[PDB]
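Asks: sequence unknown, structure follows:
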């Protein structure tokens, strides 16, 4: 049902310039691929009222747009029209291998960021590949070469709790309730705690941050396009990182 809520026209209006300029992933991120991936993750964009469903797709596309953004302050149509410009991390310093019995690194393979959520590390490629049905420890580049696997890895990340963190899905559909430690930390439901889930260690809890604002910039633009309210608690400037 996610295609009922977001049309191809809408999708393209939000992801306006992905196939433009000097973007590195032109033609790669397709509506059809997005919609097929969404189907594998039951509940995504189909949980709650029509308004909750829109917020979820907006929030999803907004977090992933930041991770892949080719935007700048004076970019054509604004900085928030240039998400999904990249599919691979540019100039990683390492293979992102952190030695693991559970998720062992494959020799000569690298787990730098790929796809919509710029998935990183063996200990994320491992689980994600298990969920999707395919070996991403041995072939992590699949995340950069198959448009449907790419989206599937981002939605796996969206739909999956990694304690003490809840899933981004649970938060945006209003299913998450903060613990006592969460409330001590100032973590309250909303878009801002999803930013905390994604990259809170660097971005959250220390006042106004340009990266956090960029995520919110995409979110508001997409919410506007889908015609839905933003909901509360958009930033994480006053939230301690998870731990």
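Replies: On my side now, so go ahead. Residues are numbered from 1 along each chain as shown.

Asks: ok, now which ones touch the residue nearest to the spatial centre of the chain?
Replies: Nearest residue to the geometric centre of the chain (CA atoms, centre = their mean): residue 64, 3.6 Å. Residue 64 makes contact with 83, 84, 116, 117, 154, according to CB atoms under 8 Å, 6 or more residues apart in numbering. All C-beta atoms are positioned from the backbone trio N, CA, C, and that covers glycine.

Asks: What are the buried residues along the helix or strand containing it?
Replies: Per DSSP states H and E: residue 64 is located in helix 50-67. Within helix 50-67, the residues that count as buried by 16 or more other CB atoms under 10 Å are 52-67.

Asks: So the residue nearest to the centre of the chain versus residue 18, what's the distance?
Replies: Residue 64 is 11 Å from residue 18, where distance means CB to CB, to the nearest Å.

Asks: Helix, strand or coil: sort out the residue lying farthest from the centre of the chain for me.
Replies: Centroid-distance maximum for the chain: residue 107 at 27.7 Å, with CA atoms, centre = their mean. Secondary structure state of residue 107, per DSSP: H, G, I helix; E, B strand; the rest coil, is coil.

Asks: quick one, phi/psi of it?
Replies: Per-residue torsions, residue 107: phi -60, psi 140 (degrees, to the nearest 10).

Asks: And for residue 8?
Replies: phi -60, psi -40.

Asks: same question, residue 48
Replies: phi 90, psi -180.

Asks: surely it meets residue 172?
Replies: No - applying CB atoms under 8 Å, one finds residue 48 not in contact with residue 172, separated by 9.2 Å.

Asks: intersection of neighbour lists for the two?
Replies: With CB under 8 Å, 6+ apart, residue 48 and residue 172 have common neighbours residue 56.

Asks: quick one: which of the two has more around it?
Replies: More neighbours surround residue 172 than the other of residue 48 and residue 172, with 27 against 16 (other CB atoms under 10 Å).

Asks: measure the more buried one to residue 219 for me?
Replies: 10 Å.

Asks: intersection of neighbour lists for the two?
Replies: Between them, residue 172 and residue 219 share the contacting residues 59, 191, judged by CB under 8 Å, 6+ apart.

Asks: need the helices for the protein, in chain order.
Replies: With DSSP state H as the criterion, the chain has helices at 2-5, 8-14, 31-40, 50-67, 122-132, 142-145, 147-159, 168-172, 180-184, 191-203, 210-226.

Asks: and residue 94, which of those is closest to it?
Replies: Nearest of the helices of the chain to residue 94, taken as CB to CB: helix 122-132 at 11.4 Å.
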